[PDB]
């Protein structure tokens, strides 16, 4: 309990705690130890405001440099009907920040801690700036000691702050659908207990489950797995919810023009899809209906001469490739690259074991302790355990059939993004198709290109690649009426919302480059010459003194120029031209090979939707797609949709919990499985209420691997099914409740 910062026992709201869209007071409540105590009650006006919370800002930064192995603790409980996800941001005197987050249930108050130093922060990650994981290759670790306190979950930022000056501690609730209220008490620093040197050892049992924790629903033997199977199989009969048309549209509603394909139409002031037969349609369903992302790095590697190399022409990025069948020749050369990874697994099969076919090999990774290596899919292994093999790979066919039966039973109207192409002829439930434009075209920088530099969309090779991407999608979907539409790409790093530098990173970086060999720079220069005509008019506009356009075309540093209204207008126009060109080229390619199908945009995240780029999508995309990892769609955040007046779709959302073995709930956190389901209905209700949305897909079908998906270490409870391929009943029930009213509520009387 070493160092108490705030116990509120002096009955005052400290004046160095600042509050935003929240009321604070001191109240008596029953604390952890059973005794009455003074605590801070914080009532956030989070239904009305998309940012609320407190910020502790001491007059001088705290000097905690003596605490070389210590954590910051809070006692927290939610009050009322709703759990609370708090974002903890701690900022030091050099501006460096980390973010952690956790759910705060209603009910019994607990202690929560955020490491400041020591243990699994000591060697924090791989040293790569884009690696958000801990050194283990997990996005957030199990705790480094045993206790009743709850560890705030790692999200992103700097692992090792300058403890000689901590400048701000922030707790916030963001984009909520409801007012949230908490009591906070006993804000303190405690030295860390000794590190448990086994904390990363023996994490995973043979089913891929958390080995050390026995939770409700955990599988303890093959027989229990088969029992869960048989119970589910007896209930799945292939029957869609009542009053669905053939393509999952609404039978009981207006019947509109039938074109033979999914299309868009505004119905009584609300955007809808319309299915090939003319019935109103609203898209619900799950992303990642595939096994590509279900494998986890085992810590072994192969002799490179034994591994097939990637073709330069492949349209599929490594993260979305099928699980790679590992040969005997490769497996013979198996050696240990990460002792830390390898010691995580209580069981991996020998080359000759019947489950050894669920090995995978990844030739790259976005982040983690390994750049490449062997991986294993426990989920895939469990499909073999559940369904057996009556000819090679038969459990996969059975998986796909059970998957479509599930979606129909659960009331979903579609298979979501990243559905394996083997579902494309299921001819029982519609699906969404996808492609990625990748290749060797030139690139530009935005300043935040965490997944690779942005495409130079004016390079003719970009268009050659987009056409190849669309050709392959068209080949896959076979012009099917079951295909709702095509997503291309995902969350491209167009710009970030922080600042002018962040928003206009593409214009700014690009203007800095010479025109020669840079097609986007050439297009920007061409646009500025058309607007201004003369170098003197440009000089006047930007406050510069270039001698000529030729000097301008050697590259101009605009980083230190203050952003006048004139300068912002040129940056805005440049970003618009760039986004217009991206969308023109992708739209054109999709239209060329798939003239009948909806083009669904590029899936803008919350952090990557500058208005220039949205307006460009709205011009070319039939439906504008957004990813939104929030508790819902707040009113003010989405009010801009009315001006665009385009049908829109949520590509991705989720809510996770940690009561089913996971070390990380995911991006948005619930107090339990039940609370996950409640939060799902809250999110979906906001989608259903918004007249611009024609659907929302949940990311993803299955939990990520406990020890992290191979690509980048995400280890989240974000599935409708767990690693044993067993449904979370609470999500199933929430989905049924939601899917039963999508049509009646949206289209009905009020």
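Residue numbers count along the first chain shown, from 1.
- Higher mean CA temperature factor, per the PDB entry, when comparing 719-727 with 41-49: 41-49.
- Looking at 343-351 and 476-484 together, the entry lists the larger mean B-factor for 343-351, computed on C-alpha atoms.
- When the C-alpha B-factors of 453, 404, 556, 617 are ranked from the entry, the top spot goes to 556.
- Which of 89, 235, 103, 591 has the largest Cα B-factor in the deposited entry comes down to 235.
- Residue-level temperature factors show residue 684 in the lowest third of its chain, judged at the C-alpha atom.
- When the modelled residues of the chain are ordered by their C-alpha B factor, residue 508 lands in the middle third.
- Among all modelled residues in this chain, the alpha-carbon of residue 215 has a temperature factor (C-alpha) in the highest third.
- Per-chain ranking of the deposited C-alpha B factor places residue 634 in the middle third.
- Annotation for residue 57: CA B-factor lies in the highest third of the chain's modelled residues.
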